[PDB]
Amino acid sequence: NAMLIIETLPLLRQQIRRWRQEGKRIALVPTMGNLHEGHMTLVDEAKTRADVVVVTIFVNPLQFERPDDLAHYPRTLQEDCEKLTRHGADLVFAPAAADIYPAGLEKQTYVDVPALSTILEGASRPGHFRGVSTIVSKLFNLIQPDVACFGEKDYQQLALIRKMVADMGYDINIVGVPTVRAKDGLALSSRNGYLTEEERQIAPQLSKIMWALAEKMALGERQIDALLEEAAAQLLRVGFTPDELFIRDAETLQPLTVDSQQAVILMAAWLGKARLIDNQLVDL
């Protein structure tokens, strides 16, 4: 059937109740719009795991550290929906912030996931991950999905939502979707557009440096701090200004431990206007 596009909470609730009463398995893909092929893979994955796929498009002011970053987030609903219909989404939910947070941001009920919200990317962005856990919890309550897809691309977010779901008793399968890459190896990102032509040809070096490290760990290498000193310099060498790098436990994002079962390598490096980032999971 034709994809539905719903902007209001009452119309949403009507449709969600209908699907729930019919016993349809619901998948949810949360987004903030401005969609590219990475996001389409999320929708393709969701479609294989449920009867109906709900895609949200909502630029979430509770997760913006600077209120002005909202004013400059691209709004491209028509083009987002062209892509989503072609990938078989059943419903696009695109609400106004006034309808989602009618009582304002400061006194809005929130969900906080301790420790995971305030380390790493959370350290520099007070309140960011509270905004993420809050909206996602709200979307879970509104749409009542059996399955929800998130990109491995924003790995801390994925880990954050997995913990919230485990702690808060949500019966929802959280699916982490592998990053979509150019034939280069470069991970697809909205922000790849602000690189120059010459910079776009250096960009692949982030993934390649990252994967050299993964293969050492597969062979047994464990001296973590030195692996990372290496990579900050391999990268300096070839034209990046590295942000700090990490190798952490895949579940908690804490430093690795004799008991860690899976690691994540977390890369972040500057090239002109864009901060590029990549990551890779290593089995232990």
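Throughout, we count residues from 1 along the sequence that is shown.
| 226-234 set against 49-57, stretch whose average Cα temperature factor tops the other in the entry | Taking the mean C-alpha B-factor of 49-57 and of 226-234, the larger value falls to 226-234.
Per the PDB record, is the mean Cα temperature factor higher over 12-20 or over 269-277?
269-277 has the higher mean C-alpha B-factor.
Quiz prompt | Residue selected from 84, 180, 195, 115 by maximal Cα B factor | solution = By C-alpha B-factor in the record, 195 ranks first.
- prompt: From 89, 160, 203, 175, can you pick the one with the highest C-alpha B factor in the entry?
  reply: Max CA B-factor in the entry, restricted to 89, 160, 203, 175: 203.
### Ranked against its chain, the third holding the CA B-factor of residue 184
Answer is highest: the recorded C-alpha B-factor places it there.
Based on the deposited C-alpha B factors for this chain, I'd like to know if residue 130 is in the lowest, middle or highest third. Its C-alpha B-factor, which the entry lists for residue 130, ranks in the lowest third among residues of this chain.
Item checked: residue 138 CA temperature factor, ranked by third within the chain -> Ranked within chain, residue 138 CA B lands in the lowest tercile.
Practice problem: Taking the values exactly as deposited, rank residue 282 by C-alpha B-factor within its chain and report the matching third: lowest, middle or highest. | Solution: For residue 282, whose C-alpha B-factor we compare with every modelled residue in the chain, the answer is the highest third.
Quick check on the deposited entry: does the C-alpha B-factor of residue 100 sit in the lowest, middle or highest third of its chain? Its C-alpha B-factor belongs to the lowest third of this chain's values.
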